[PDB]
Amino acid sequence: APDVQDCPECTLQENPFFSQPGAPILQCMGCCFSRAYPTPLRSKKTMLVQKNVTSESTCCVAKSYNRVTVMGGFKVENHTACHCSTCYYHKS
């Protein structure tokens, strides 16, 4: 159908790697579509404020992780929840 599709969407890329007995692990990965011309859409209307910036923009930082430290002591913060927002004032 589609002839053009950008990268995935901001969210968890459920780890089919670290997948656990009840959780396919994760690693919030996507691209919070926030440009000067959002897709046609047909829902938004409430508050919501947009003012992205050049180079590096809003992102999702697992609201709540279930960290399932894997290989090499990795950490998919078994993302139980992810919230898209700023990334220059936390986790640094």
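Note that chain A carries Swiss-Prot numbering, so the residues on display, from first to last, are 25-116.
For all residues, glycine too, the Cβ spot is worked out from N, Cα and C.
When the candidates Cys34, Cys55 are compared with Swiss-Prot, only one is recorded as disulfide-bonded to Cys84, and it is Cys34. Of the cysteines listed (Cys55, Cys56, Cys111), Swiss-Prot assigns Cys56 as the disulfide partner of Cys108. According to Swiss-Prot, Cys111 forms a disulfide bond with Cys83, chosen from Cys55, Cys83. A disulfide bond in Swiss-Prot ties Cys31 to one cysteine from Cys55, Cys106, and that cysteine is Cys55.
When the CA atoms are compared, the recorded positions lying within 10 A of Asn102 (N-linked glycosylation site) are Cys52, out of the candidates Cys31, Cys52, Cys55, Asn76, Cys111. Shown are the glycosylation sites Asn76, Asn102; the one with the most C-beta atoms within 10 angstroms of its own C-beta is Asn102.
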